[PDB]
Amino acid sequence: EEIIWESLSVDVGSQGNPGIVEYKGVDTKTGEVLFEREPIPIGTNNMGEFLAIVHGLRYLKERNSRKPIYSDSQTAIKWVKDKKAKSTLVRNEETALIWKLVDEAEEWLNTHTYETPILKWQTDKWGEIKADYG
RNA sequence: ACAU
DNA sequence: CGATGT
Ligand SMILES: [K+]
Ligand SMILES: [K+]
Ligand SMILES: [Mn+2]
Ligand SMILES: [Mn+2]
């Protein structure tokens with residue numbers, strides 16, 4: 001219905017898919033960038049969308065914030081709900097780093113708790129998510 | 001189809 | 001136009 005402005009928005013950016021992956025999180029209300037992940041040489045859009053949500057969860061928990069997270073990724077929202085990133089990306093030497101991070105993110109989800117609502121950003125009604133990469 |  | 005996903 002209405003945008004919850006008191007929230008954190010996250011998004012992936014890539015150069016190719018699979019390709020170089022990065023992500024960031026921004027204050028939905030002000031656009032202030034609150035965190036940015038160093039580019040990862042090879043990953044998928046959905047792995048990056050997933051890591052962005054999990055980093056958001058850790059970021060808000062450390063600061064004792066009950067704000068929700070917005071993501072535009074139907075896939076990544078489901079993966080976080082399941083605490084399982086069902087990526088098809090080949091596990092080999094050159095994907096080793098992204099899979100390490102995905103594996104460590106699942107591990108964090110499986111050893112911590114949170115109440116953070118993870119909400120679908122309704123791009124069709126509201127434009128691109130505020131964390132988008134132009 | 002939907003979401004990227 | 002291709003790829004990642006449910
Ligand atoms: K973009
Ligand atoms: K498709
Ligand atoms: Mn996105
Ligand atoms: Mn985007």
Side-chain angles (χ1 to χ4, degrees):
Chain A
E1 172 63 354
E2 281 227 335
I3 291 164
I4 298 164
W5 289 103
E6 194 173 299
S7 67
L8 169 69
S9 299
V10 299
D11 198 20
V12 72
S14 84
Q15 301 166 240
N17 182 33
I20 300 175
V21 166
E22 64 185 334
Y23 68 74
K24 67 175 185 284
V26 310
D27 184 313
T28 306
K29 170 162 54 248
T30 68
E32 183 189 355
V33 182
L34 303 175
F35 56 84
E36 294 186 86
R37 165 69 209 196
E38 177 179 293
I40 301 139
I42 296 172
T44 69
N45 63 327
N46 293 321
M47 295 166 98
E49 296 276 18
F50 171 76
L51 295 174
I53 296 173
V54 176
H55 194 81
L57 288 172
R58 303 180 64 171
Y59 175 97
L60 293 171
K61 183 178 188 74
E62 175 83 27
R63 291 158 184 75
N64 299 124
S65 174
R66 291 174 49 82
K67 291 170 181 191
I69 293 166
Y70 277 117
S71 166
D72 64 24
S73 172
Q74 184 183 108
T75 298
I77 294 174
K78 180 177 196 300
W79 286 359
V80 173
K81 183 172 175 53
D82 301 333
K83 310 187 168 198
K84 185 76 205 308
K86 215 173 74 180
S87 180
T88 66
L89 182 66
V90 60
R91 288 187 184 253
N92 64 28
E93 300 94 327
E94 57 182 86
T95 69
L97 171 54
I98 190 75
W99 268 115
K100 183 156 186 292
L101 294 173
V102 169
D103 287 344
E104 292 170 342
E106 293 178 333
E107 181 59 29
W108 187 91
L109 291 176
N110 282 326
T111 50
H112 298 76
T113 63
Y114 49 86
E115 299 190 352
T116 308
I118 298 166
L119 306 174
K120 182 63 171 75
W121 181 265
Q122 293 188 48
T123 302
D124 56 332
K125 297 179 181 80
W126 305 335
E128 298 290 329
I129 196 159
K130 294 319 179 184
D132 183 39
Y133 289 81

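As a basis for the values below, the full set of heavy atoms in this structure was taken, side chains included, without hydrogen atoms, waters or symmetry mates. Note on naming: letters A, B, ... go to the chains in the order of the sequence lines (proteins, then strands), and numbering restarts at 1 for each one.
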(Q) Can you measure A:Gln15 atom CD to C:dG2 atom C1' for me and round it to whole angstrom units? (A) 17 Å
Q | Note: A:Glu62-A:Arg58 ion pair, threshold 4.0 Å (strictly below) | A | no
Q.
Any side-chain N or O of A:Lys120 below 4.0 angstrom from OP1/OP2 of B:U4?
A. yes
Q. Just checking A:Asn17: base, sugar-phosphate only, or nothing, at a heavy-atom cut-off of under 4.0 Å?
A. base
**Q.** Selected nucleotide, minimal atom distance to A:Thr75 side chain, candidates B:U4, C:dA3, C:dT6
**A.** C:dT6
Q: Give the rounded distance in Å between these two atoms: CE of A:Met47 and P of B:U4.
A: 20 Å
Q. Is there a side-chain polar atom (N or O) of A:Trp79 under 4.0 Å from OP1 or OP2 of C:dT6?
A. yes
Q: Would you mind reading off the distance between A:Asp132 atom CG and B:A3 atom P, rounded to a whole angstrom?
A: 16 Å
Q: Name the orientation class of the two ring planes belonging to A:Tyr59 and A:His55 (parallel below 30°, tilted from 30 to 60°, perpendicular beyond 60°).
A: tilted
**Q.** No-H, no-angle donor-acceptor pair, A:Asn45 side chain to B:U4 base, under 3.5 Å
**A.** yes
Q: Take the protein atom CD1 of A:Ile53 and the nucleotide atom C1' of B:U4, then report the distance between them rounded to whole Å.
A: 12 Å
Q: Using atom CG of A:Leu51 as one end and atom P of C:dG5 as the other, report the distance to the nearest whole Å.
A: 12 Å
Q: From the options B:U4, C:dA3, C:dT6, select the nucleotide whose nearest atom is closest to the side chain of A:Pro18.
A: C:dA3
**Q.** Below 4.0 Å: OP1/OP2 of C:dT4 and any side-chain N or O of A:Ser87
**A.** no
Q. Checking A:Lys24 against A:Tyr133: charged group under 6.0 Å from the ring centre and within 45 degrees of the axis?
A. yes
Q: Check the distance between B:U4's P and A:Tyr70's OH and give it to me in whole angstrom.
A: 14 Å
Q) Over how many whole Å does the gap from A:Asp72 atom CG to B:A3 atom P extend? A) 11 Å
Q: Specify the separation, in whole Å, of atom CH2 of A:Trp121 and atom P of B:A3.
A: 15 Å
Q) Does a side-chain N or O from A:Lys86 land closer than 4.0 Å to OP1 or OP2 of C:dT6, or not? A) yes
Q | Single hit among A:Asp11, A:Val12, A:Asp72 for side chain to side chain contact (heavy atoms under 4.5 Å, CB included) with A:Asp132 | A | A:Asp11
Q: Respond yes when some side-chain nitrogen or oxygen of A:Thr44 is under 4.0 Å from OP1 or OP2 of C:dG5, and no when none is.
A: yes
Q | Nearest atoms (heavy-atom pairs only) where A:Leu8 meets A:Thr28 | A | C-OG1, 3.7 Å
